[PDB]
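You are given structure tokens for the same protein chain in two forms, set apart as structure 1 and structure 2.
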Structure 1
């Protein structure tokens, strides 16, 4: 019984990065969207797209995913992440807001993710799925137009 499917929106937590808005999707080369790392039931991964103007994709462990509703969740995510931060500087980094080009990308991503959330599964899959030209990842022409 899978928690997510292609088109579902999630927040992803990767070490060294803030919680990021994402959408579960199929890996363009592997053609799967979920896997068991080492065939262990506890190490399930999902393939996700990271929302923003500079797109990326990755296999993220399900344990590092929280279903996405909106930016309102973000404050509590940082708080829960800082609660178990093994350092005070590590807790300061998590509670402090995002800066630089990363902030710009994160806000762009929140704008696309909240639009995707207001859409149905098939509408958001048709609009936000990355277009792949051989080995190049491109943003959907419409999404690229709305970003820049």
Structure 2
């Protein structure tokens, strides 16, 4: 497996910029990786999106990149724009992101860069979400 709980990754979701994340256990499934439809081609990882408006998701491994730092972001943007197969898909990819989401992303980057400087256990202790059902 490429990742484990506490590993830092960028996640790409349609409609959002590459976003800093931490691999975590799903609080119901008690799993951090699975194969969608039990297809060997469809491995997903469970991730927390860093920032002040917490979200989690199951994300395909094909849409994860190991997180080093904010310095990666420009290349990630450039490669996604070059890979957009059509003019129409590229226009969708490049739509502006709100100021409110930009500030969430920027706070996410601060958390992820702090997380990177920490041990796996330290970052899990600090950043793991609380769930209430």
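Positions refer to the first chain, counted from 1. Note that the rigid core is defined as the largest set of C-alphas that superpose within 1.5 Å between two forms.
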Rigid-core fit between structure 1 and structure 2, the member of 27, 90, 115, 80 whose C-alpha shifts 2 angstroms or more: 90
Could you check how much the CA of residue 67 shifts between structure 1 and structure 2 after a rigid core fit, in angstrom? 0.3
Core-aligned Cα shift of residue 99 between structure 1 and structure 2, given in Å: 4.0
